[PDB]
């Protein structure tokens, strides 16, 4: 149906393509149940409301004005859209020169960045997301948020444009890693698409 406000973008890889880090059954459920549900519920939640014709970024920027259903499902849809795009089965991607320079000046190295994101992910009590954002000053920052909240929401303490997000809801890792979220976080770097993160960085700075 071309007239629904929001649609899930198909994955640019197979469900089993990320098996170095994420099991195929999790990819399938995470995409076809969890994310699909957020998108469907988003469309329902904004229908007949002032949010109905707003872009996802604009919904999020005013999310405190809308229902919890809008907030939770707008977050969910946005976060997952971004998540799938920053994963890849193509090994050895790396940050663009511009991004790498910013990473090194801000964190020291790519390993130091990964350590900071891993720590943020591990410290998120309950469900949530770890983020690398470009803040409103153009500077990189690592944050985490609860549930499906994200750095574009007016509610959020550390605001910025996300360029990388890692889902630390238990559904994202429990089938393969159970309670070992840290092992999930260590391993997911194997499938991060730094080309997409770098594109998001370039667009954020504009």
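Positions refer to the first chain, counted from 1.
- Stretches 57-65 and 142-150 differ in mean C-alpha B factor, with the higher average recorded for 57-65.
- The stretch with the higher mean CA B factor, choosing between 88-96 and 111-119, is 88-96.
- As recorded in the entry, 156 carries the highest CA temperature factor of 156, 32, 41, 178.
- For residue 47, the recorded CA temperature factor ranks within the highest third of the chain's modelled residues.
- Sort the modelled residues of the chain by CA B factor and residue 137 lands in the highest third.
- Ranked within its chain, residue 77 lands in the lowest third, by CA B factor from the PDB record.
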